[PDB]
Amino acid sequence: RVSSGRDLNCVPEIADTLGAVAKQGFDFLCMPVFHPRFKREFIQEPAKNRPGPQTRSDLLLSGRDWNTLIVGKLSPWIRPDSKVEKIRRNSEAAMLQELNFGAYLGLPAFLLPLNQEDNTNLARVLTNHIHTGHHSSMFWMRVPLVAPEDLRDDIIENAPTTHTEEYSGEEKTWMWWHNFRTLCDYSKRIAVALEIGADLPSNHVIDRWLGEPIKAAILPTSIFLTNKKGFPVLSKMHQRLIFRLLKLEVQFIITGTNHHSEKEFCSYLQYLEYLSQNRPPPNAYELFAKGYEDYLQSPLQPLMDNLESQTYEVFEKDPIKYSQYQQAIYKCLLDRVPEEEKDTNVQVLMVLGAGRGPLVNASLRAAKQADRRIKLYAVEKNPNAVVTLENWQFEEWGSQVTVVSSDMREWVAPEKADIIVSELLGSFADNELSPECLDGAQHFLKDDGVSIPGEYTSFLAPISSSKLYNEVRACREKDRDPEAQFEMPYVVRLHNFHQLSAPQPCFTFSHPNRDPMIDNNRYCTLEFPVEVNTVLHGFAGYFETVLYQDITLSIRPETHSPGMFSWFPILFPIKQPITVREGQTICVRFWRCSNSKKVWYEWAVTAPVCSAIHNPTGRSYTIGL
């Protein structure tokens, strides 16, 4: 299925035109609310005293059709930024008239064009109209990939099209949008209707729109080639862009007349569906993650909070993660118990944070395929999950597993362990206080003990997503700091965003920690070479971990564990977006602070521009010890 609409500037009969467009297979119609050539005077007589009606009546369609099938379009003659004062005033009154009439109809979306550099007064009228009530109407800004001046035919004898490649000049259309939405203060009711041309710009100009709230892609009938049968097709580069837009689930809009006379108007439509049936289906991770795209969530704290039943159920729904743990345990047992001691040496395993017992079974399965004897200790502090363990221990496990309902930092073990297995890692490696837990539990580990995981490392990467910045910006709460939402991380399936640099390691922890500098406080400085122009909104968070030797788990996209869908990237936002030029370096500084009660992250940008230090003294975000 593809949600596709039809753009029109000529509608004789709404009842007839809407029926024909629907019979061709479209979902909605982009049409003008007033006649596009019907200019209207508002100041000077006698043209303003023109007798009505000014447009069609709302009775021509049902309220359901206006709410789902019709998309408003501004009149072309409306020029709010005209250098002529009279034309400017009439355009202001006309723009409000058409925007108010679109709202009167309850139109789901209204189209407004961005065709020049200066749209300041245009932005003011729209911002003025948005704050006149709290309605729910969308405003699609029609902005082309390439400006019309930069795609004109080189047929002007005394004004040739300059053939000197300018990097920033080819990105001028994005600058129009960036200035426009900034003037409107990042309104949630203002999206982009990207219009595609016959000649696509350089790849960096297209990448500029990554992370931008694109809700519509306009495809003229002129950009379609012709096959042998005489049907509309697209170039392999245009196809490459169509697939990129399908991942954003944008609505494609077909504009222009039928340039393939023989094949009727539905032919352009089937071709898009043809491309939409010819793309790789989702792969496990992609399938499970569908629905959570760019959905902000609070990072879990399995220490301070007791996880619910279904929370553990999601953890257990991943065989790849636990197959690695079973493999790591299976590998360590052989390296610690030689073959001649397979029947005499019994290893002491202590699952620190067993939950409902997925690692306990993984340990039992590991000792089986390794032909070694083990004595299990299932240590869990959540009393609700201990009910599942003790029920498991009575019906199936038995005397082999010893359930311990206590905190691993307070529990006094009867003996010392050969191996300790734990899954206390979050999306940012140590964000769940895994170092503090294992350090407190480090006393009852043998001098030659093995810690699984042995080490883990966090990874950061600067990202650009005007969409996600609005998501965080909309999370301001009543009885707290109005800017606290920017000083706390979020576990989110990153989707509509743009990674600005390859991720670099941030924080690393080793277990067992033998160092006399036992101190989990960290201060790291990272410098990211940026090879494009963009706006910085936040930093993506990932992590890698070493279970045992070569057995590893990772959410770092380059080294991501295949099939393991049970971890989403974390996001450290920033208060004000930062502009980054091509070639500049983004320098970020991250701190891992901690007191006797809480642990928290502090971060700040120092290049190219200094930001404010985020979450100082954990005022807006703390992890409970």
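In this text, rigid core is short for the largest set of C-alphas that superpose within 1.5 Å between two forms. Heads up: residue numbers just count along the shown sequence, starting at 1.
Next item on the list: After fitting on the rigid core, pick out whichever of 517-525 or 73-81 shows the bigger RMS C-alpha deviation in 6 other deposited structures of this protein.
Entry: Most displaced of the pair in 6 other deposited structures of this protein: 517-525.
Next item on the list: Report the stretch with the higher root mean square CA deviation, pooled over structures and residues in 6 other deposited structures of this protein, choosing between 429-437 and 122-130 after a rigid core fit.
Entry: Farther on average in 6 other deposited structures of this protein: 429-437.
Checklist line | Entry-level comparison of average CA B-factors, 178-186 and 220-228, reporting the higher stretch | finding: Looking at the recorded C-alpha B-factors, 220-228 comes out higher on average.
Item checked: Mean C-alpha B-factor comparison - 491-499 and 261-269, higher one -> Looking at the recorded C-alpha B-factors, 261-269 comes out higher on average.
Notebook entry, point to check: Which is it among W140, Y523, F288, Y104: the one with the largest CA B-factor in the entry?
Noted result: In the PDB entry, the greatest C-alpha B-factor among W140, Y523, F288, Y104 is found at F288.
Notebook entry, point to check: For the listed residues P53, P573, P562, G583, which one has the largest C-alpha B-factor as given in the deposited model?
Noted result: Largest recorded C-alpha B-factor: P562.
Next item on the list: Determine, from the deposited record, the chain-internal third of the Cα B-factor for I253: lowest, middle or highest.
Entry: CA B-factor rank for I253: middle third.
Check: Comparing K375 with the other modelled residues of its chain, is its CA B-factor in the lowest, middle or highest third?
Finding: Top third by C-alpha B-factor.
Next item on the list: Divide the modelled residues of the chain into thirds by Cα B-factor and specify which third, lowest, middle or highest, holds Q277.
Entry: Its C-alpha B-factor belongs to the highest third of this chain's values.
Next item on the list: Could you look up the Cα B-factor of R40 in the entry and say which third of the chain it sits in: lowest, middle or highest?
Entry: Its C-alpha B-factor belongs to the middle third of this chain's values.
Margin query: Ranking the modelled residues of this chain by C-alpha B-factor as given in the entry, is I578 in the lowest, middle or highest third?
Written below: Tercile = middle for this residue's CA B-factor.
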